[PDB]
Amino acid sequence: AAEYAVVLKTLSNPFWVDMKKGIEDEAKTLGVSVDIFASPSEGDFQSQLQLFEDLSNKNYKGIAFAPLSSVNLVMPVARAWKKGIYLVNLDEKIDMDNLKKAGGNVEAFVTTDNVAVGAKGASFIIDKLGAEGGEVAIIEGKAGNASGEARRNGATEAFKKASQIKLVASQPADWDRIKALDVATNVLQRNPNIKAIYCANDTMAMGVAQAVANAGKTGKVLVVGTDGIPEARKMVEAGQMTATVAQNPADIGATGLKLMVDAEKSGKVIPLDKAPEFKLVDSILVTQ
């Protein structure tokens, strides 16, 4: 049976349920069969590396895959590439450095541009504030992590190009609704003239909308989030959170199957020296 296979992170998370449907749907259009696999828990690094390994011994033309960690699947993917399997990295980037040393490569990496995500949620505040503008802040995530710092850049640059906006306080905050509430109230005392605050995660965001529920500024103050969890989504339907910048799972999976099928057609796997393709998929701004 099937000519293509897709390993994902898990399927108890709606994010990955939406990705599966996008690869299936996109398959029915291209004329290719697909088998979608995943290991139960988000922290099953070994159980996914066993999964992938089992698939490698079957006869799949190509295999797209979302790695739990950046190095848990380097040896199976590099093996897969020597056999001539058309691999396509999804969501998070696999350690290319390690992969090089493994003697392998990938046809393409398909992810969401985290900087654009930050500018998308900052730009939403900009337009809502209007000409008048006003003061804003960015509750950052934890330092060292690229994915939250990327949202930190984009959101910063987008408010600097708006010469009617005042960035009061972009300060660190580890991914925590409690610690997000505590630095929230800190900015609301230092600068109580704030009209909105974008947060670099949906966890922090509900902790900042708690600091606005405190001072009972709910309505004037605009909270924004990222990732778009099912929880916060509801919030935004109820007027409790202003908005959140979700990803596009379905398009990431569908684009990933498209690039895999395109490499197969070519009849030759990407050279080692050749860098992979790099498609970014647009983020979505979920609003009332």
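Note that residue numbering follows the sequence shown and begins at 1.
Averaged over Cα atoms, the B-factor as recorded in the entry is higher for 271-279 than for the other of 271-279 and 8-16.
Across the two stretches, 165-173 and 98-106, the PDB entry reports the greater mean Cα temperature factor for 165-173.
Considering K179, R79, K93, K120 together, the PDB entry gives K179 the largest C-alpha B factor.
Each of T112, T156, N89, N186 has a CA temperature factor in the record; the biggest one is found at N186. When the modelled residues of the chain are ordered by C-alpha B-factor, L49 sits in the lowest third. Compared with the other modelled residues of the chain, the Cα B-factor recorded for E231 ranks in the highest third. Sorting the modelled residues of the chain by their CA temperature factor places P67 in the lowest third. The deposited CA B-factor of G219 belongs to the highest third of values across its chain. Placement of the Cα temperature factor of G256 within the chain: lowest third of the modelled residues, per the deposited record.
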